[PDB]
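Novice: Can you keep this structure in mind? I'll have questions shortly.
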């Protein structure tokens, strides 16, 4: 459960961060970050609901959940690391775009993280662009 | 009872026709039931969908070649 | 040899079809088909005669 | 190619595995008579593409977990391509 | 009534030609079908409907999505089958988008949800 707890902690942190960066004083850039994160969180919650459907089926195991939560754990880790970086750096604007390019070069090599960050970076730079 | 089955089949067919018209799938009424009911025998939905896509591509190619 | 090889391939297909058909039956059927015998008539007569032969075999086994 | 009765008797005796030796002769005669009666019934009483039928058979095998056997039979059919 | 008979008739209809005229196409389809006879992912129509609505929004068809959701409610009220998920997947794969120009952003299934196989 402690190993699973990491993804749930990421979920709670993401909820908090999408709430915090939702402010217009946090910028429409932070608003877009939180909106994309909200889409991803909707995906995660839909996955949670599907897993709950499997639990109503009575056909889930800690291994099955954890194995089902393994890619989920990785995705949540990527998203939560991005959120922690955005919050600790307080990037808003050109700093945010610079950090986006930097972290994209850092998440390069991992195709899942690279592709998700690429989609997020395109969406977020659309406003600044 | 069988009239009820026929009415229910017609109602389901109408619902499916509406769903298809909303999806703008381009699938024909010939796949009224034959398409769905044959897969209803337990066909692999991904394989059946791929087969339908291949049939559509082949049909489009055949229409283009005829044209 | 061409007829023999065709008969062998047909017998292989029939064994894959799990028909239990004999090679002599295959040759007789080839002769009938070239003679103009309906495949449906041949197969129906074959099934009826197989059933009759099975019944006769059971009866003779009880008749030993 | 033989007389319809001649080939019928040959095939009937082939199916027949034939107590008295008179009984064996009678069994062969009964097989021949039954074959003659069946042939007469078929005559007095008297579709899908063969490629389509073979396709249906191979599809049944592959559905029946005999995809390899379907492939073997399809190879035999493709070599074939009597009906 | 046989699955093979249905396949032959459907191929004839799809080509608008005879079954023997579609025999090669029929042969390819038969190979594809015998390759896989059962779906490798389970049936959970909540996620299927979620994907359908996501596609409708990607098509900027929120009103059509609402109409589709109401149709889904009516159809589930008129539920007559047990494996509707496959039919829904077929309808989604058959779906086309003449209501929008062709341009799309790639989604995810491992960062997003990937179907846990059945």
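Novice: What are the residues in region A:91-103 that are loosely packed, with under 12 Cβ neighbours inside 10 Å and under 16 Å from residue A:34 (Cα atoms), if any?
Specialist: Once the filter is applied, which keeps residues that are loosely packed, with under 12 Cβ neighbours inside 10 Å and under 16 Å from residue A:34 (Cα atoms), region A:91-103 yields only A:93.
Novice: Right, next: Taking residue B:10 as the residue in question, decide whether it is part of a helix (DSSP H, G or I), within 20 Å of residue E:43 (Cβ to Cβ) and either out of contact with any strand residue (DSSP E or B) (no Cβ under 7 Å at 6 or more places or on another chain) or at the interface with chain E (Cβ under 10 Å from one of its Cβ atoms) (or both).
Specialist: Numbers: part of a helix (DSSP H, G or I): yes; within 20 Å of residue E:43 (Cβ to Cβ): no; either out of contact with any strand residue (DSSP E or B) (no Cβ under 7 Å at 6 or more places or on another chain) or at the interface with chain E (Cβ under 10 Å from one of its Cβ atoms) (or both): yes.
Answer is no for this residue.
Novice: Residue D:26 is checked against (1) more than 14 Å from chain E (Cβ to nearest Cβ); (2) in contact with a helix residue (DSSP H, G or I) (Cβ under 6 Å, 6 or more places away or on another chain) and fails just one. What number does that condition carry?
Specialist: Only one criterion in (1) more than 14 Å from chain E (Cβ to nearest Cβ); (2) in contact with a helix residue (DSSP H, G or I) (Cβ under 6 Å, 6 or more places away or on another chain) is unmet by residue D:26, namely (2).
Novice: Right, another one. Any chance you could count how many residues in region A:104-121 are surrounded by 13 or more Cβ atoms within 10 Å (Cβ to Cβ) and either more than 16 Å from residue A:40 (Cβ to Cβ) or within 11 Å of another protein chain (Cβ to nearest Cβ) (or both)? Steps first, answer last, please.
Specialist: Initially, region A:104-121 is screened for residues surrounded by 13 or more Cβ atoms within 10 Å (Cβ to Cβ), giving A:104, A:106-107, A:110, A:112-121.
Checking the rest, the ones that are also either more than 16 Å from residue A:40 (Cβ to Cβ) or within 11 Å of another protein chain (Cβ to nearest Cβ) (or both) come to A:104, A:106, A:110, A:112-120.
Selection size over region A:104-121: 12.
Novice: Within region D:40-59, how many residues are in a helix (DSSP H, G or I) and surrounded by fewer than 16 Cβ atoms within 10 Å (Cβ to Cβ)?
Specialist: Matching residues across region D:40-59 total 5.
Novice: Right, another one. Could you tell me whether any residue of region A:27-41 is out of contact with any strand residue (DSSP E or B) (no Cβ under 6 Å at 6 or more places or on another chain), surrounded by 13 or more Cβ atoms within 10 Å (Cβ to Cβ), outside any loop (DSSP other than H, G, I, E, B) and on the phi > 0 side of the Ramachandran plot?
Specialist: Within region A:27-41 (the criterion being out of contact with any strand residue (DSSP E or B) (no Cβ under 6 Å at 6 or more places or on another chain), surrounded by 13 or more Cβ atoms within 10 Å (Cβ to Cβ), outside any loop (DSSP other than H, G, I, E, B) and on the phi > 0 side of the Ramachandran plot), the answer is yes, since at least one residue qualifies.
Novice: Here's another thing I want to ask about it. Can you say whether residue E:30 is within 14 Å of chain D (Cβ to nearest Cβ), crowded, with 16+ Cβ neighbours inside 10 Å and either assigned to a helix (DSSP H, G or I) or within 12 Å of the chain's Cα centre (by Cα) (or both), as far as the supplied structure shows? Spell out the reasoning first.
Specialist: Working: within 14 Å of chain D (Cβ to nearest Cβ): yes; crowded, with 16+ Cβ neighbours inside 10 Å: yes; either assigned to a helix (DSSP H, G or I) or within 12 Å of the chain's Cα centre (by Cα) (or both): yes.
Criteria met by residue E:30.
Novice: Something else now. Just the residues that are more than 7 Å from every other protein chain (Cβ to nearest Cβ), touching a helix residue (DSSP H, G or I) at 6+ places or on another chain (Cβ under 9 Å) and part of a loop (DSSP other than H, G, I, E, B), please, taken from region E:83-105.
Specialist: Those that are more than 7 Å from every other protein chain (Cβ to nearest Cβ), touching a helix residue (DSSP H, G or I) at 6+ places or on another chain (Cβ under 9 Å) and part of a loop (DSSP other than H, G, I, E, B): E:100, E:104.
Novice: Residues being facing chain D (nearest Cβ under 9 Å) and either out of contact with any helix residue (DSSP H, G or I) (no Cβ under 8 Å at 6 or more places or on another chain) or surrounded by fewer than 17 Cβ atoms within 10 Å (Cβ to Cβ) (or both): count how many of those fall in region E:1-11.
Specialist: 2
Novice: Across region E:53-71, what is the total count of residues that are assigned to a loop (DSSP other than H, G, I, E, B) and crowded, with 20+ Cβ neighbours inside 10 Å?
Specialist: The qualifying residues number 1.
Novice: Taking into account only those residues within region D:62-73 that are more than 8 Å from chain E (Cβ to nearest Cβ) and in a helix (DSSP H, G or I), which is farthest from the chain's Cα centre (by Cα)?
Specialist: It comes out as D:68.
Novice: Of the residues that sit in region E:72-82 and are outside any loop (DSSP other than H, G, I, E, B) and at the interface with chain B (Cβ under 9 Å from one of its Cβ atoms), which one is surrounded by the most Cβ atoms within 10 Å (Cβ to Cβ)?
Specialist: Per the stated criteria, the residue is E:75.
Novice: Looking at (1) within 7 Å of another protein chain (Cβ to nearest Cβ); (2) within 29 Å of residue A:122 (Cβ to Cβ); (3) not in a helix (DSSP H, G or I), can you tell me which one residue E:50 breaks?
Specialist: (3)
Novice: Can I ask one more? Of all residues in region C:13-29, how many are within 8 Å of chain D (Cβ to nearest Cβ), surrounded by 17 or more Cβ atoms within 10 Å (Cβ to Cβ) and over 19 Å from residue D:9 (Cα atoms)?
Specialist: 2
Every residue, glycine as well, gets a Cβ built from its backbone with ideal geometry; the counts of neighbours run over all protein chains shown. Taken together, the values in this text are just the output of simple stated rules run on the coordinates, not laboratory data.
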